[PDB]
Amino acid sequence: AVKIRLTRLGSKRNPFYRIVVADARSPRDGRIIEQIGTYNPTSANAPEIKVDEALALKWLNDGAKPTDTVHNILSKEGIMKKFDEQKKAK
Amino acid sequence: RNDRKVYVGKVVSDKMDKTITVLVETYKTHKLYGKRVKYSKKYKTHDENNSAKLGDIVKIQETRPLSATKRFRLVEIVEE
Amino acid sequence: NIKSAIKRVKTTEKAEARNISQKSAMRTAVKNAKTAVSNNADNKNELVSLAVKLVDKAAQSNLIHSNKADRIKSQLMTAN
RNA sequence: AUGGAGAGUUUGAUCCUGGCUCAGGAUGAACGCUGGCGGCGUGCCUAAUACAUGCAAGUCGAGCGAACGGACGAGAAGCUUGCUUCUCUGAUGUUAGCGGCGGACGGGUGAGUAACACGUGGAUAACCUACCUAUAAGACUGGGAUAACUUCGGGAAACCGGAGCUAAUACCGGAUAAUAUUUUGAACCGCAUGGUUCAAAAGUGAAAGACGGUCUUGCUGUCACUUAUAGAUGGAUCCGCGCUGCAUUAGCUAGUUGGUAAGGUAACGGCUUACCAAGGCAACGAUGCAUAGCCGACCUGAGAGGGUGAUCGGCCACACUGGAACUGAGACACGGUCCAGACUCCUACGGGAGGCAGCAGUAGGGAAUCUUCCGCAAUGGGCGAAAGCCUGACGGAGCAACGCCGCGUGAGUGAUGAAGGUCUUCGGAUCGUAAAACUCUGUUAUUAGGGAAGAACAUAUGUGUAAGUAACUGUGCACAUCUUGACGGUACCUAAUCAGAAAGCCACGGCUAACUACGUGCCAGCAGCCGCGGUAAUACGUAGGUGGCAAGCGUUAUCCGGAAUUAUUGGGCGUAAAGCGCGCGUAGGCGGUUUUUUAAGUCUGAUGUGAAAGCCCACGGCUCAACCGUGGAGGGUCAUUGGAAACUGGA
Ligand SMILES: [Mg+2]
Ligand SMILES: [Mg+2]
Ligand SMILES: [Mg+2]
Ligand SMILES: [Mg+2]
Ligand SMILES: [Mg+2]
Ligand SMILES: [Mg+2]
Ligand SMILES: [Mg+2]
Ligand SMILES: [Mg+2]
Ligand SMILES: [Mg+2]
Ligand SMILES: [Mg+2]
Numbered sequence: 002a003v004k005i006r007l008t009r010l011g012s013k014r015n016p017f018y019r020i021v022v023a024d025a026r027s028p029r030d031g032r033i034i035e036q037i038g039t040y041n042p043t044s045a046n047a048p049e050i051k052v053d054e055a056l057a058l059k060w061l062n063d064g065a066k067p068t069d070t071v072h073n074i075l076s077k078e079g080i081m082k083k084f085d086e087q088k089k090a091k
Numbered sequence: 004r005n006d007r008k009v010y011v012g013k014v015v016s017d018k019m020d021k022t023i024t025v026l027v028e029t030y031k032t033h034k035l036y037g038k039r040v041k042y043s044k045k046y047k048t049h050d051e052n053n054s055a056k057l058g059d060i061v062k063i064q065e066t067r068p069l070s071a072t073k074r075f076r077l078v079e080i081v082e083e
Numbered sequence: 003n004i005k006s007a008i009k010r011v012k013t014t015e016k017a018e019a020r021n022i023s024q025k026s027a028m029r030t031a032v033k034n035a036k037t038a039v040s041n042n043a044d045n046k047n048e049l050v051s052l053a054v055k056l057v058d059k060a061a062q063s064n065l066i067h068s069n070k071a072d073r074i075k076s077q078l079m080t081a082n
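Right, here's the structure in full:
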């Protein structure tokens with residue numbers, strides 16, 4: 002189905018990722034529905050994470066499902082709690 | 004509601020049944036020279052009552068495919 | 003070649019056999035009902051209901067699409 | 001204002017016209033010579049030729065029967081109490097088969113396609129959509145089979161047939177349940193057809209369990225199941241406009257154009273079929289022929305333009321050739337099926353087997369294009385409750401100066417201008433501060449130690465919290481803990497030793513930077529053009545010297561430039577190439593003055609959109625750069641909507 006996942010960029014031995022909403026059948030570095038953020042694993046010994054809460058929450062509401070690393074990111078940024086809180090509150 | 008495209012042209016054929024052919028004239032600027040050149044397209048239109056006649060200005064709106072070649076209907080007759 | 007493919011061939015055949023039998027039964031019913039309606043037979047309603055039932059069940063099995071089922075049900079039920 | 005160079009060659013000389021040629025940039029390049037390293041890329045363009053071999057699609061025991069394995073541990077003493085059997089229990093496990101899901105993705109290729117294929121902008125009151133999310137309502141009651149298995153039989157084989165037996169979240173009946181179907185009431189609404197909403201009947205349509213918790217003559221958690229309605233996603237159709245050469249291709253079409261009715265499709269529709277009519281298309285290029293995947297982009301150019309469509313991303317098409325359907329949410333299906341054909345292979349001659357335009361690799365073709373590698377550690381995908389399994393996707397490694405970028409092959413001092421080579425006016429001049437010598441350095445190299453990031457996790461294990469419950473287990477969420485790296489002991493770092501191992505290529509008459517000697521003598525040869533060479537060649541060949549570049553330098557091929565030589569920007573037609581021999585005129589192009597009006601062109605805004613990557617600009621990260629990342633800016637002949645009205649158009 003619809004998935005929030007990391008698309009690989011950068012160069013050899015220098016990964017950079019864009020956090021994107023994509024259909025699963027889509028190729029990893031191919032067609033996407035929307036980009037929500039970025040993730041840099043190799044940056045300054047601290048993962049650098051940019052995410053749009055408004056976009057991430059809209060997609061999580063509509064049934065988009067994170068890959069495991071993306072879930073960790075949305076947890077680190079606090080989006081996964083917000084999703085739960087609203088959903089329980091609903 | 005989203006709006007379907009509407010065109011105005013002169014009826015150039017009324018021979019077919021419940022159908023009129025409308026010639027819509029537009030200008031195409033030459034890519035290099037920049038002069039506008041007159042261009043015409045004949046649009047096959049549905050005229051249920053066979054109301055329109057050759058030489059009358061008509062208003063046509065886009066529709067679902069009504070035939071092999073017919074994609075438009077007659078909204079009104081502007082001039083006769 | 004591939005193991006799952008070799009299995010898929012068998013399951014297709016079994017599926018095809020069940021599907022063709024059910025499709026035939028529905029096709030007979032619709033035919034029988036249509037004749038009954040046209041002939042104004044006393045069994046018109048009973049036969050039409052059998053047709054609708056078999057058609058409805060066929061749609062759920064995905065032997066036919068719902069839209070076809072609706073078309074067939076409608077044409078029979080308009081007739082009766 | 002950021003951006004624009006010319007030169008040679010028609011003559012005795014000249015000005016002009018005019019072609020030809022060159023200096024530049026670019027490449028998936030190839031070839032010749034030569035060759036140190038690193039980073040980041042790129043690498044069958046030709047035969048959509050044929051393909052040996054391995055691998056590229058599985059997974060699920062928490063759907064199911066069955067089989068294997070049989071722990072823990074049951075009995076007798078062979079007097080062997082360490083070895084024994086079936087008279088048992090039989091745990092963690094494992095698998096062939098059934099069933100579910102996946103296999104329609106990912107990966108490859110560009111043959112076909114001149115088309116709504118694609119690009120851009122719209123439409124669907126003519127559509128469809130597994131998994132995912134949300135909400136609501138349910139999951140009741142029965143049945144008959146069949147793999148595996150057992151046995152028999154037929155085949156060379158591939159693989160079939162009979163009998164018997166057996167499960168399921170397999171299959172089937174009935175019940176109950178629709179906004180679905182029919183019919184009848186309304187109400188409101190749009191853009192023809194029509195949309196929407198609310199009532200009353202009629203016919204008709206579902207489902208399923210598994211693994212756990214508990215207070216266990218009944219509740220319940222998770223997952224699975226069914227129906228209805230939305231969302232999300234993906235797909236389908238239609239249309240405006242844009243998108244290719246040839247008229248020494250001018251006519252084309254009969255399901256053809258329209259209508260009617262019916263059938264058919266998710267769906268509109270000649271989509272199809274009867275019937276009726278004679279339409280439809282075409283000089284605004286139909287039809288035919290040739291060629292071609294299209295685009296984002298890419299190369300060039302001051303620009304306008306011109307050329308192109310590798311790598312990467314999007315869309316399309318194809319899967320030995322041709323046809324067809326089946327299964328399915330989705331295929332008319334690369335590693336599925338059926339048939340026909342060609343080819344290859346096996347055979348007991350009866351009959352069978354197969355499809356690298358997946359990754360490697362081989363043969364062939366070619367000027368020419370890589371290893372039959374490692375790992376699922378990362379990212380992504382399938383299956384599963386999950387661990388996990390599968391994954392030639394992908395991450396890495398290998399090979400190749402193929403490209404781009406970076407750094408080397410030493411540095412300082414050095415007249416004593418050594419020797420030697422070359423030239424010479426025999427004075428000398430030049431190679432040349434070059435060398436040697438002396439001192440210094442270690443990029444690199446070598447050797448020896450240390451040694452990243454990339455890793456997030458998932459799971460499991462605690463604690464808390466939220467919803468729900470009688471409660472619990474679970475579930476969501478939050479915070480802790482252990483554990484996981486192919487590359488790889490790689491990058492990088494440190495120390496020790498050593499100028500030691502690390503420069504070639506083309507050119508030097510002019511364009512065009514750089515000349516002499518000798519040999520040769522219209523020969524041998526050179527050559528992009530002007531040309532050069534027939535005895536004192538800065539043009540041949542070699543040598544010395546010099547010039548231009550540098551791990552490259554040259555050559556060839558091809559594209560843009562210069563070429564204002566198709567000229568919109570930006571040329572011409574008395575004598576240079578070029579005014580039809582001349583009328584009458586059709587289409588088309590163009591058109592006097594004023595006022596009023598309109599607003600199609602024009603101008604000025606707003607809104608949506610013109611993917612990402614790229615180009616450009618800025619900033620940040622890699623020791624720098626290349627490269628990587630991020631944010632802007634730009635890119636329409638775009639659509640929609642609001643103004644202005646001089647000019648063009650309309651009235
Ligand atoms: Mg082709
Ligand atoms: Mg120019
Ligand atoms: Mg397949
Ligand atoms: Mg294959
Ligand atoms: Mg270099
Ligand atoms: Mg030479
Ligand atoms: Mg030009
Ligand atoms: Mg002349
Ligand atoms: Mg004259
Ligand atoms: Mg862009």
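For the record, the sequence lines run as chains q, r and u. Per PDB author numbering, residue 2 is the first one in the first sequence, and the count goes up by one each step. Per PDB author numbering, residue 4 is the first one in the second sequence, and the count goes up by one each step. Per PDB author numbering, residue 3 is the first one in the third sequence, and the count goes up by one each step. Cβ atoms here follow ideal geometry from the backbone N, Cα and C, with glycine treated the same way.
1. Pull up the distance between the alpha-carbon of residue 94 of chain q and that of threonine 39 of chain q, whole angstroms please.
2. Can we say the region 70-80 of chain u touches the region 46-55 of chain u, given the rule of at least three CB pairs closer than 8 Å?
3. What does a CB cutoff of less than 6 Å around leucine 49 of chain u pick up in its chain, not counting 5 residues either side in sequence?
4. Could you check if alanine 90 of chain q is buried or exposed, using at least 16 other CB atoms within 10 Å of its CB as the buried criterion?
5. Provide the residue span of the alpha helix (DSSP H) that contains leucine 61 of chain q, from first to last.
6. Are at least three pairs of beta-carbons, each pair with one atom in the region 54-61 of chain r and one in the region 11-18 of chain r, less than 8 Å apart?
7. Determine the DSSP secondary structure at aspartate 59 of chain r, reduced to helix, strand or coil.
8. Please look up how many angstroms separate the CB atoms of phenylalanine 75 of chain r and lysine 47 of chain r, rounded, as I've assumed it's under 8 Å.
9. With distances taken from CA atoms, which of q:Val52, q:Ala23, q:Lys83 is nearest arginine 6 of chain q?
10. Output the residue ranges of the alpha helix (DSSP H) runs that lie fully inside the region 54-81 of chain u and measure 4 residues or longer, sorted by chain position.
11. Starting from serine 23 of chain u, trace the alpha helix (DSSP H) in both directions and tell me its first and last residue.
12. Let me know if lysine 38 of chain r comes out buried or exposed under the rule of 16 or more other beta-carbons within 10 Å of its beta-carbon.
13. Who are the near neighbours of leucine 58 of chain q in its chain, counting only those whose CB is closer than 7 Å to its CB and skipping five residues on each side?
14. So who's on the other strand from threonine 32 of chain r, going by DSSP bridges?
15. Quick check: the Cα distance between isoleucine 66 of chain u and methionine 28 of chain u, rounded to an integer number of angstroms?
16. Using the three-state DSSP reduction, which class does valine 3 of chain q fall into: helix, strand or coil?
17. Between u:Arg10, u:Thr80, u:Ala43, u:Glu18, which has its C-alpha nearest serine 63 of chain u's C-alpha?
18. For the beta strand (DSSP E) that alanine 23 of chain q lies in, which residues bound it at each end?
19. So what's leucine 75 of chain q in DSSP terms, helix, strand or just coil?
20. For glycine 11 of chain q, write down the residues that DSSP places opposite it in a beta bridge.
21. Can you name the residues that DSSP bridges to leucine 49 of chain u?
This is what the structure gives:
1. Beyond the ends of chain q as shown, which are 2 and 91, falls residue 94 of chain q; an answer cannot be given.
2. yes
3. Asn34, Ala35, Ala38
4. exposed
5. 54-63
6. yes
7. coil
8. 7 Å
9. q:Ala23
10. 68-81
11. 5-41
12. exposed
13. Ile80, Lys83, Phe84
14. r:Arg39
15. 10 Å
16. strand
17. u:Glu18
18. 15-24
19. helix
20. q:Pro16
21. Paired residue(s): none; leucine 49 of chain u is not in a bridge.
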